[PDB]
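Residues in the sequence shown are numbered consecutively from 16, following UniProt numbering.
Even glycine gets a Cβ: it sits at the ideal position worked out from N, Cα and C.
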Amino acid sequence: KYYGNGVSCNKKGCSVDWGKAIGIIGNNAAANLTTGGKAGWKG
């Protein structure tokens with residue numbers, strides 16, 4: 016599985032680096048708080 020935040024897993028095992036992804040979410044939500052931008056998301 017590949018989420019897209021630095022994750023790796025095929026057969027041997029997984030090693031999702033749960034450290035950098037957290038920094039990407041903080042900004043993602045920050046855009047919803049400021050409400051200063053448009054977006055055609057699914058919703």
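C-alpha of residue 49 to C-alpha of residue 43: approximately 11 Å in a straight line. Rounded to the nearest angstrom, the gap between the Cα atoms of residue 25 and residue 32 is 15 Å.
Residues of the same chain with a CB within less than 8 Å of the CB of residue 29, apart from the 5 flanking positions on each side, are 16, 22, 23 in chain order.
Straight through space, the alpha carbons of residue 47 and residue 57 are spaced by roughly 14 Å.
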